[PDB]
């Protein structure tokens, strides 16, 4: 059983904020397959659903971002999930909008949700998809930038990114070949260009 975790903050005022890009990808996968986070446990919203004939566990922590691991770790323990079978979706400041990086393991790169998970699991040996959200270029602090809503201009690219990352998850659940998923999905989505842009 794979465990797909979307990182983010609960509440209507955090909807579509840059720091909730993980939630948005999981929300898209759930709506596309007509699933919902119908259970709750250890402050984590989750569901267990069959998808291509395979049971998959989805989790959105209801802790806040900085405390994400205190839902994820015990829900994984309860359902005996190895870190091998975990994939975490989250926002990356050091990638540009349009970019995604899929990795087998490694550091949080200073992202507080990933740090809470590493601390609670006691390892960084789990899969992740870093989703580019860009840096602030106009003197916003990082906290204010990640807790701000995506503009409609940003969403022209980010809608497609969400679709691209959902497909990466969907392909990983079907095949269980992560390296093959990395090769197909690492990169950028095709940017939307009109004739008049040239």
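Residue numbers count along the first chain shown, from 1.
Stretches 64-72 and 135-143 differ in mean C-alpha B factor, with the higher average recorded for 135-143.
Comparing the deposited coordinates for 110-118 and 77-85, the stretch with the larger average C-alpha B-factor is 77-85. Each of 173, 161, 155, 59 has a CA temperature factor in the record; the biggest one is found at 173. Compared with the other modelled residues of the chain, the Cα B-factor recorded for residue 10 ranks in the middle third.
Annotation for residue 193: C-alpha temperature factor in the highest third relative to the rest of the modelled chain, per the entry. Among all modelled residues in its chain, residue 166 ranks in the middle third by Cα B-factor. For residue 124, the recorded CA B-factor ranks within the middle third of the chain. Only modelled residues enter the ranking. Ranked within its chain, residue 50 lands in the highest third, by CA B factor from the PDB record.
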